[PDB]
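Undergrad: One structure, as structure tokens, below. Some questions next.
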Amino acid sequence: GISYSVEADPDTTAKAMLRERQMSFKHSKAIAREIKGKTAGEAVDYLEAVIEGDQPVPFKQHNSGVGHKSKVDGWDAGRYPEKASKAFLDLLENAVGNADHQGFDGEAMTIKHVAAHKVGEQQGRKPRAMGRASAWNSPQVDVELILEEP
Amino acid sequence: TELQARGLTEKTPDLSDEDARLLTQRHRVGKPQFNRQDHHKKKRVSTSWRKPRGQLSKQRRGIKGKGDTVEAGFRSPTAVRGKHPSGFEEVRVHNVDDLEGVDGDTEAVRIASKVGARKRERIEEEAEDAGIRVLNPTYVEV
Amino acid sequence: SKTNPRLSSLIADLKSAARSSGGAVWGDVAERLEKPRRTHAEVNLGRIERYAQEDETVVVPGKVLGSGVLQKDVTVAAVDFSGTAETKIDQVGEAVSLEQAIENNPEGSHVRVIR
RNA sequence: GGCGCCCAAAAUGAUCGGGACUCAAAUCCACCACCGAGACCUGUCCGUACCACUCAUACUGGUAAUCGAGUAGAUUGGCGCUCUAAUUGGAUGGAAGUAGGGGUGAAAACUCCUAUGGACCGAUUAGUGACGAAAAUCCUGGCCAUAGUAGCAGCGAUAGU
RNA sequence: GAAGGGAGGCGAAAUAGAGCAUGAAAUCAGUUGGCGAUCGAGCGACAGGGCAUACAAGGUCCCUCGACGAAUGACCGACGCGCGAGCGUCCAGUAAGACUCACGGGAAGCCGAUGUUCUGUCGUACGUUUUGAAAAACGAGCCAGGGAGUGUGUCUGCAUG
RNA sequence: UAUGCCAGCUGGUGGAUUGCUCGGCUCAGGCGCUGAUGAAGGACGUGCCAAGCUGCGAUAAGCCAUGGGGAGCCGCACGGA
Ligand SMILES: [Cl-]
Ligand SMILES: [Cl-]
Ligand SMILES: [Cl-]
Ligand SMILES: [Cl-]
Ligand SMILES: [Cl-]
Ligand SMILES: [Cl-]
Ligand SMILES: [Mg+2]
Ligand SMILES: [Mg+2]
Ligand SMILES: [Mg+2]
Ligand SMILES: [Mg+2]
Ligand SMILES: [Mg+2]
Ligand SMILES: [Mg+2]
Ligand SMILES: [Mg+2]
Ligand code: NA
Ligand code: NA
Ligand code: NA
Ligand code: NA
Ligand code: NA
Ligand code: NA
Ligand code: NA
Ligand SMILES: [Sr+2]
Ligand SMILES: [Sr+2]
Ligand SMILES: [Sr+2]
Ligand SMILES: [Sr+2]
Ligand SMILES: [Sr+2]
Ligand SMILES: [Sr+2]
Ligand SMILES: [Sr+2]
Ligand SMILES: [Sr+2]
Ligand SMILES: [Sr+2]
Ligand SMILES: [Sr+2]
Ligand SMILES: [Sr+2]
């Protein structure tokens with residue numbers, strides 16, 4: 001698995017991390033990109049909005065075939081990853097929690113660092129025509145979050 | 001409060017007017033990189049030089065732009081070949097006894113990297129006393 | 001590339017002589033000894049007998065063997081002698097090594113190269 | 001006799017490379033000055049061959065206008081890898097390996113610094129080889145783009161709310 | 001939530017926490033440097049600019065002037081020719097002339113070097129097949145590791161003993 | 001400045017590399033038959049908990065004797081009782 005790839009001063013920071021989550025790695029990469037810099041509180045409001053279908057997540061790298069979304073700004077392609085989003089809400093629920101237990105203002109903290117890392121695929125096999133069977137895997141994702149005092 | 005390198009870090013060798021001339025030349029002329037053809041096009045192909053063997057090889061046939069091919073013509077001047085850029089002749093050293101016979105006026109010493117801190121200390125002090133520069137000196141805060 | 005240290009010094013000696021003294025036979029013998037072994041001489045007594053003359057050191061740029069008869073009182077200098085050649089020769093003359101010949105005659109005078 | 005004109009029709013967009021040029025930037029007859037190679041001349045260095053000295057193929061000095069391109073192939077010196085021996089060294093005051101960086105060598109390659117690592121590692125000489133890879137629709141393993149794409153509809157059994 | 005996460009505890013080390021010594025490349029996430037939405041494709045070599053650079057292992061580099069100064073080699077001026085473009089003689093093998101050095105002044109991202117990018121010159125891979133390969137001839141997605149003159153007997157040379 | 005290119009940094013993935021060897025490979029010496037007194041092989045059992053291996057055979061990871069050995073033990077296998 002991963003280790004925090006960025007230094008964090010304990011006296012003004014709170015950590016959180018997801019391990020081997022089976023969800024779209026490509027979505028994680030996009031959601032992370034998007035919420036970076038936001039306030040834990042803001043990020044959560046945002047993700048609930050995505051899940052709800054009210055806010056699109058810009059798909060700038062893995063956008064093949066994706067249709068344009070008007071509410072996307074400065075870009076065209078976007079979607080509403082509800083599964084990866086619910087997983088980041090979990091991450092954020094952990095982060096803010098820890099932050100509080102330490103005496104910080106969880107919600108008010110700035111998402112200093114958030115990044116997803118594909119830890120590996122879970123092997124699957126799908127039977128095909130002509131007597132062969134091809135891969136049918138699930139990506140496994142770790143994601144690191146660092147909350148920093150404003 | 002600050003680091004100082006042990007030994008005669010600034011010592012220079014005394015070269016004949018001719019050795020100096022040729023040393024300066026070597027430094028002025030330089031030479032091609034001489035890396036393997038197309039090494040930069042395929043990661044699996046390393047920089048180490050291999051004679052271009054292809055019958056149609058552009059480099060092998062000497063096409064201008066494809067890089068120079070290794071020839072004795074590129075050899076550096078005899079009187080200086082292998083000298084440190086300072087002009088000193090290098091002498092590999094593994095212990096104190098290796099410093100014996102070394103001429104600190106034209107030779108400098110390079111302690112093998114395997115040698116430990118304890119034995120370097122002895123070698124470094126003994127070399128300074130013999131007027132010998134150590135190319136890879138230990139830095140201490142004094 | 002000679003491997004024998006002795007043959008190697010003998011050659012350096014022959015040169016030193018030919019160059020320093022009036023030698024030439026010595027430099028000529030060094031020349032041949034520097035060539036491959038198959039070219040070196042293998043001479044039996046019979047030949048030394050047929051072409052040697054007293055008061056003229058016979059110089060064999062190789063090894064002297066023992067076939068045939070030697071009656072002449074000649075001094076033969078060679079890289080080596082078989083145990084029998086040295087014996088048959090000493091009976092009527094003298095067998096000496098080139099290391100000695102160069103020692104007494106660095107000018108390489110009055111000599112006859114035999115092969 | 002010189003130049004030209006007619007003779008003279010082809011398929012995606014015409015052409016002297018293009019622009020464009022008419023006492024020319026055309027053609028012909030003379031001439032003047034320039035640009036332009038690794039050729040030729042010149043300084044230094046390298047290799048090679050030969051000479052002098054020499055044990056030397058080690059130094060040093062000398063000669064080359066009459067040496068310096070090369071596939072197949074012949075010949076020769078050298079780099080690197082494993083393990084053995086002899087001689088001789090390094091390492092917990094941090095070995096090997098790996099990463100980034102400095103120095104040397106035409107080069108094979110050698111070496112140092114910093115980080116990592118945490119226990120082994122060399123050099124010289126003589127040996128020993130299951131000794132060097134960019135290639136074989138080469139092998140095995142791992143991994144990316146393909147792609148959040150195709151499929152998750154089609155069958156007389158449309159199944160749900 | 002017997003998950004996972006945060007904090008904490010052990011230990012020299014948990015970046016030794018379970019296919020748990022070391023941890024390369026391909027490659028992925030984040031991020032730094034350089035380039036970047038008017039512009040052209042064997043991806044570079046060589047030369048020269050921009051921007052970038054902790055130490056260490058490299059320490060040089062720029063500007064006046066001066067000395068030395070190979071091949072080459074003048075302007076101006078004077079005289080004399082040519083219809084003319086221009087040339088000849090003298091000045092003069094002079095001034096100039098690459099490199100190198102000395103004096104004085106200067107640079108510390110400063111010089112080398114490394115990264116990237118821009119400019120100039122050359123440039124349609126590599127290996128193979130072939131008279132001819134960028135080839136609209138053949139091979140490989142990428143990387144690591146694996147991957148081809150070996151033994152016995154006999155013969156025939158050769159070098160060494 | 002988006003999408004992005006080249007190089008590096010931090011962290012992954014991966015398991016090369018270096019180090020290590022409980023396994024191999026080869027050579028040498030010794031020794032050499034078993035079975036109807038039912039062998040070799042196999043099946044199925046057998047443990048407090050027991051799936052695999054090993055052992056054993058309804059006396060079933062064993063029972064007896066002699067000698068050795070010795071304060072420990074209950075196989076591989078570091079659990080609990
Ligand atoms: Cl993915
Ligand atoms: Cl050479
Ligand atoms: Cl004979
Ligand atoms: Cl060589
Ligand atoms: Cl010079
Ligand atoms: Cl062969
Ligand atoms: Mg679509
Ligand atoms: Mg079938
Ligand atoms: Mg490469
Ligand atoms: Mg030795
Ligand atoms: Mg290999
Ligand atoms: Mg598609
Ligand atoms: Mg590990
Ligand atoms: Na939009
Ligand atoms: Na918009
Ligand atoms: Na072929
Ligand atoms: Na080709
Ligand atoms: Na073609
Ligand atoms: Na594939
Ligand atoms: Na037996
Ligand atoms: Sr895309
Ligand atoms: Sr070291
Ligand atoms: Sr040549
Ligand atoms: Sr040649
Ligand atoms: Sr030739
Ligand atoms: Sr091999
Ligand atoms: Sr895939
Ligand atoms: Sr349906
Ligand atoms: Sr159908
Ligand atoms: Sr902890
Ligand atoms: Sr002059």
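Ordering of the structure tokens sets the chain letters (A, B, ...), residue numbers begin anew at 1 in every chain, and ligands are numbered from 1 in the order given.
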For chain D against chain A, which residues fall within 10 Å using only C-alpha atoms (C1' of nucleotides), given as a ChimeraX atom specification?

TA: /D:147-149

Undergrad: List all protein, DNA and RNA residues that have an atom no more than 8 Å from any atom of ligand 16, counting only C-alpha atoms (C1' of nucleotides) and all ligand atoms, and report them as number ranges by chain.

TA: E: 128-129, 138-139

Undergrad: For the residues selected in the previous step, produce a file with N, CA and C atoms (P, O5', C5', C4', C3', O3' and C1' of nucleotides) as a PDB file, in the first residue's frame.

TA:
```pdb
ATOM      1  P     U E 128      22.356  -6.402 -39.858  1.00  0.00           P
ATOM      2  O5'   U E 128      21.209  -7.299 -40.503  1.00  0.00           O
ATOM      3  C5'   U E 128      20.865  -8.575 -39.935  1.00  0.00           C
ATOM      4  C4'   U E 128      19.676  -9.164 -40.647  1.00  0.00           C
ATOM      5  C3'   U E 128      19.805  -9.304 -42.149  1.00  0.00           C
ATOM      6  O3'   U E 128      20.565 -10.440 -42.502  1.00  0.00           O
ATOM      7  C1'   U E 128      17.672  -8.421 -41.621  1.00  0.00           C
ATOM      8  P     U E 129      21.253 -10.507 -43.948  1.00  0.00           P
ATOM      9  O5'   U E 129      20.013 -10.575 -44.947  1.00  0.00           O
ATOM     10  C5'   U E 129      19.138 -11.718 -44.986  1.00  0.00           C
ATOM     11  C4'   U E 129      18.044 -11.502 -46.006  1.00  0.00           C
ATOM     12  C3'   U E 129      18.515 -11.106 -47.398  1.00  0.00           C
ATOM     13  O3'   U E 129      18.886 -12.224 -48.176  1.00  0.00           O
ATOM     14  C1'   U E 129      16.721  -9.714 -46.755  1.00  0.00           C
ATOM     15  P     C E 138       6.223  -6.811 -45.059  1.00  0.00           P
ATOM     16  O5'   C E 138       7.308  -7.678 -44.294  1.00  0.00           O
ATOM     17  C5'   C E 138       7.540  -9.050 -44.647  1.00  0.00           C
ATOM     18  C4'   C E 138       8.595  -9.642 -43.737  1.00  0.00           C
ATOM     19  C3'   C E 138       8.416  -9.317 -42.264  1.00  0.00           C
ATOM     20  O3'   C E 138       7.497 -10.182 -41.612  1.00  0.00           O
ATOM     21  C1'   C E 138      10.653  -8.899 -42.907  1.00  0.00           C
ATOM     22  P     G E 139       6.622  -9.614 -40.392  1.00  0.00           P
ATOM     23  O5'   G E 139       7.690  -9.451 -39.233  1.00  0.00           O
ATOM     24  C5'   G E 139       8.444 -10.580 -38.785  1.00  0.00           C
ATOM     25  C4'   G E 139       9.241 -10.218 -37.566  1.00  0.00           C
ATOM     26  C3'   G E 139       8.530  -9.288 -36.611  1.00  0.00           C
ATOM     27  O3'   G E 139       7.640 -10.029 -35.789  1.00  0.00           O
ATOM     28  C1'   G E 139      10.756  -8.537 -36.949  1.00  0.00           C
TER      29        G E 139
END
```

Undergrad: Name each residue within 7 Å of ligand 14, counting only C-alpha atoms (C1' of nucleotides) and all ligand atoms, as a PyMOL selection string.

TA: chain A and resi 69-76

Undergrad: Could you write out that same residue set with C-alpha atoms as an mmCIF file, in the first residue's frame?

TA:
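Contents of the output file part_32.cif:
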```
data_model
loop_
_atom_site.group_PDB
_atom_site.id
_atom_site.type_symbol
_atom_site.label_atom_id
_atom_site.label_comp_id
_atom_site.auth_asym_id
_atom_site.auth_seq_id
_atom_site.Cartn_x
_atom_site.Cartn_y
_atom_site.Cartn_z
ATOM 1 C CA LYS A 69 -21.920 18.941 -19.130
ATOM 2 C CA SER A 70 -22.910 22.622 -19.009
ATOM 3 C CA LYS A 71 -22.251 23.122 -15.297
ATOM 4 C CA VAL A 72 -18.615 22.062 -15.883
ATOM 5 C CA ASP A 73 -16.442 25.170 -15.941
ATOM 6 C CA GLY A 74 -13.455 25.794 -18.186
ATOM 7 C CA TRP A 75 -13.820 22.251 -19.507
ATOM 8 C CA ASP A 76 -16.519 20.192 -21.258
#
```

Undergrad: Need the shell around residue 91 of chain D: protein/DNA/RNA residues with any atom at most 10 Å away, counting only C-alpha atoms (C1' of nucleotides). Skip same-chain ones fewer than 2 positions apart. Format as a list in words?

TA: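 The filter keeps residues 114, 115 and 116 of chain B; 94, 95, 119, 120 and 121 of chain D.
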
Undergrad: Hey, which residues come within 6 Å of ligand 5 if we count only C-alpha atoms (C1' of nucleotides) and all ligand atoms? Could you give them as an MDAnalysis selection string?

TA: (chainID B and resid 21) or (chainID E and resid 99:100)

Undergrad: Using backbone DSSP assignments, extract all helix (DSSP H, G or I) residues from chain B; output them as number ranges by chain.

TA: B: 17-29, 72-74, 96-99, 117-129

Undergrad: Got time to write the residues from that selection, C-alpha atoms, as an mmCIF file, in the first residue's frame?

TA:
```
data_model
loop_
_atom_site.group_PDB
_atom_site.id
_atom_site.type_symbol
_atom_site.label_atom_id
_atom_site.label_comp_id
_atom_site.auth_asym_id
_atom_site.auth_seq_id
_atom_site.Cartn_x
_atom_site.Cartn_y
_atom_site.Cartn_z
ATOM 1 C CA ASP B 17 54.980 24.535 -19.491
ATOM 2 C CA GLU B 18 54.263 21.754 -21.973
ATOM 3 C CA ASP B 19 52.109 19.610 -19.698
ATOM 4 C CA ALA B 20 50.116 22.715 -18.868
ATOM 5 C CA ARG B 21 49.740 23.455 -22.569
ATOM 6 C CA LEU B 22 48.438 20.001 -23.347
ATOM 7 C CA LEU B 23 46.263 19.925 -20.232
ATOM 8 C CA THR B 24 44.635 23.182 -21.313
ATOM 9 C CA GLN B 25 44.206 21.718 -24.813
ATOM 10 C CA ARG B 26 42.493 18.562 -23.610
ATOM 11 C CA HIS B 27 40.134 20.820 -21.674
ATOM 12 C CA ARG B 28 39.520 23.081 -24.676
ATOM 13 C CA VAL B 29 38.978 20.406 -27.302
ATOM 14 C CA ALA B 72 42.124 6.397 -32.238
ATOM 15 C CA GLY B 73 42.126 9.862 -33.768
ATOM 16 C CA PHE B 74 40.124 11.105 -30.752
ATOM 17 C CA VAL B 96 48.207 4.476 5.248
ATOM 18 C CA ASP B 97 50.925 2.274 3.726
ATOM 19 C CA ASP B 98 49.575 3.178 0.306
ATOM 20 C CA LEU B 99 50.694 6.771 0.835
ATOM 21 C CA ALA B 117 35.762 6.624 8.688
ATOM 22 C CA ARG B 118 38.246 5.268 11.217
ATOM 23 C CA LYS B 119 40.914 4.374 8.661
ATOM 24 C CA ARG B 120 40.264 7.509 6.565
ATOM 25 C CA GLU B 121 41.071 9.683 9.570
ATOM 26 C CA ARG B 122 44.505 8.075 9.895
ATOM 27 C CA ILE B 123 45.122 8.217 6.116
ATOM 28 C CA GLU B 124 43.998 11.828 5.791
ATOM 29 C CA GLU B 125 46.223 13.198 8.547
ATOM 30 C CA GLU B 126 49.243 11.216 7.416
ATOM 31 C CA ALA B 127 48.759 12.451 3.839
ATOM 32 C CA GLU B 128 48.668 16.107 4.838
ATOM 33 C CA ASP B 129 51.941 15.708 6.712
#
```

Undergrad: 10 Å from ligand 4 is the threshold here; counting only C-alpha atoms (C1' of nucleotides) and all ligand atoms, which polymer residues fall inside it? Answer as a PyMOL selection string.

TA: (chain B and resi 72) or (chain D and resi 77-79+106-108)

Undergrad: Using only C-alpha atoms (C1' of nucleotides) and all ligand atoms, what are the residues with an atom within 12 Å of ligand 6, set out as a list in words?

TA: residues 148, 149 and 150 of chain E

Undergrad: Produce a table with one row for each residue of chain C that has an atom at most 8 Å from any atom of chain E, each row naming the nearest atom pair and its distance in Å at one decimal; use only C-alpha atoms (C1' of nucleotides); arrange rows by chain and rising residue number; format as a Markdown table.

TA:
```
| residue | atom | partner | partner_atom | distance |
| --- | --- | --- | --- | --- |
| C:1 | CA | E:160 | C1' | 7.3 |
| C:2 | CA | E:160 | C1' | 6.5 |
| C:3 | CA | E:160 | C1' | 6.6 |
| C:4 | CA | E:161 | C1' | 7.9 |
| C:36 | CA | E:159 | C1' | 7.5 |
```

Undergrad: Take the residues that were just selected and, keeping C-alpha atoms, output them as an mmCIF file, in the first residue's frame.

TA:
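Wrote it out as result-v2.cif, contents follow:
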```
data_model
loop_
_atom_site.group_PDB
_atom_site.id
_atom_site.type_symbol
_atom_site.label_atom_id
_atom_site.label_comp_id
_atom_site.auth_asym_id
_atom_site.auth_seq_id
_atom_site.Cartn_x
_atom_site.Cartn_y
_atom_site.Cartn_z
ATOM 1 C CA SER C 1 56.258 -14.759 -26.792
ATOM 2 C CA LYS C 2 59.108 -16.739 -25.201
ATOM 3 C CA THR C 3 58.205 -18.157 -21.800
ATOM 4 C CA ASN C 4 61.646 -19.254 -20.635
ATOM 5 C CA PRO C 36 59.717 -19.201 -33.408
#
```

Undergrad: Fewer than 5 positions away in the same chain doesn't count, so skip those; otherwise give me all residues within 10 Å of segment 38-51 of chain E, counting only C-alpha atoms (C1' of nucleotides), as a PyMOL selection string.

TA: (chain B and resi 32-34+37-38+40-41+64-68) or (chain E and resi 33+116-125+134)

Undergrad: Return as an NGL selection string every polymer residue, whether protein, DNA or RNA, with at least one atom no more than 8 Å from an atom of ligand 8; count only C-alpha atoms (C1' of nucleotides) and all ligand atoms.

TA: :A and (129-131)

Undergrad: Which residues, written as a count of residues only, have at least one atom at most 9 Å from residue 111 of chain C, with only C-alpha atoms (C1' of nucleotides) counted and residues fewer than 3 positions away on the same chain left out?

TA: 7

Undergrad: Using only C-alpha atoms (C1' of nucleotides), tabulate the residues of chain E lying at most 6 Å from any atom of chain A, each with its closest atom pair and that distance in Å to one decimal, by chain and increasing residue number, as a Markdown table.

TA:
```
| residue | atom | partner | partner_atom | distance |
| --- | --- | --- | --- | --- |
| E:5 | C1' | A:17 | CA | 5.8 |
| E:6 | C1' | A:98 | CA | 5.4 |
| E:29 | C1' | A:117 | CA | 5.0 |
```

Undergrad: Please give me, as a list in words, the residues lying within 12 Å of ligand 23 when counting only C-alpha atoms (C1' of nucleotides) and all ligand atoms.

TA: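 The distance check yields residues 69, 70, 71, 72, 73 and 74 of chain B; 46, 47, 48, 67, 68, 69, 70 and 106 of chain D.
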
Undergrad: Throw together the list of residues within 12 Å of ligand 28, counting only C-alpha atoms (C1' of nucleotides) and all ligand atoms, and drop it here as an MDAnalysis selection string.

TA: chainID D and resid 152:154 157:160

Undergrad: Generate the output file for the selected residues, C-alpha atoms (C1' of nucleotides), as a PDB file, in the first residue's frame.

TA:
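Result written to out_2.pdb:
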```pdb
ATOM      1  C1'   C D 152     -24.400  -6.693 -19.399  1.00  0.00           C
ATOM      2  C1'   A D 153     -30.794  -5.252 -25.697  1.00  0.00           C
ATOM      3  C1'   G D 154     -32.146  -8.882 -30.055  1.00  0.00           C
ATOM      4  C1'   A D 157     -40.572 -16.429 -22.035  1.00  0.00           C
ATOM      5  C1'   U D 158     -40.838  -7.754 -23.493  1.00  0.00           C
ATOM      6  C1'   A D 159     -42.489  -7.914 -16.356  1.00  0.00           C
ATOM      7  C1'   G D 160     -43.135  -5.635 -13.418  1.00  0.00           C
TER       8        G D 160
END
```

Undergrad: If we count only C-alpha atoms (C1' of nucleotides) and set the cut-off at 10 Å, which residues sit around residue 11 of chain A, ignoring sequence neighbours fewer than 5 positions away in its own chain? Please answer as a list in words.

TA: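 Final neighbour list, sorted by chain and number: residues 102, 104, 148 and 149 of chain A.
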
Undergrad: Save out the residues we just selected, C-alpha atoms, as a JSON list (two decimals), in the first residue's frame.

TA:
```json
[["chain", "number", "residue", "atom", "x", "y", "z"],
["A", 102, "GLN", "CA", -7.09, 16.43, 18.22],
["A", 104, "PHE", "CA", -8.85, 21.11, 15.40],
["A", 148, "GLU", "CA", -4.18, 21.41, 7.25],
["A", 149, "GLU", "CA", -5.10, 24.35, 9.47]]
```

Undergrad: Could you list the protein, DNA and RNA residues that have any atom within 9 Å of ligand 30, counting only C-alpha atoms (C1' of nucleotides) and all ligand atoms, and write them as a VMD selection string?

TA: chain E and resid 6 to 9 14

Undergrad: Would you save the residues from that selection as a PDB file, in the first residue's frame, using C-alpha atoms (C1' of nucleotides)?

TA:
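Below you can see result06.pdb, which holds the result:
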```pdb
ATOM      1  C1'   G E   6      -6.054   8.405  13.102  1.00  0.00           C
ATOM      2  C1'   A E   7      -3.298   8.475  17.731  1.00  0.00           C
ATOM      3  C1'   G E   8      -0.291   5.390  20.713  1.00  0.00           C
ATOM      4  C1'   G E   9       3.047   1.043  22.299  1.00  0.00           C
ATOM      5  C1'   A E  14       7.749  -1.050  11.280  1.00  0.00           C
TER       6        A E  14
END
```
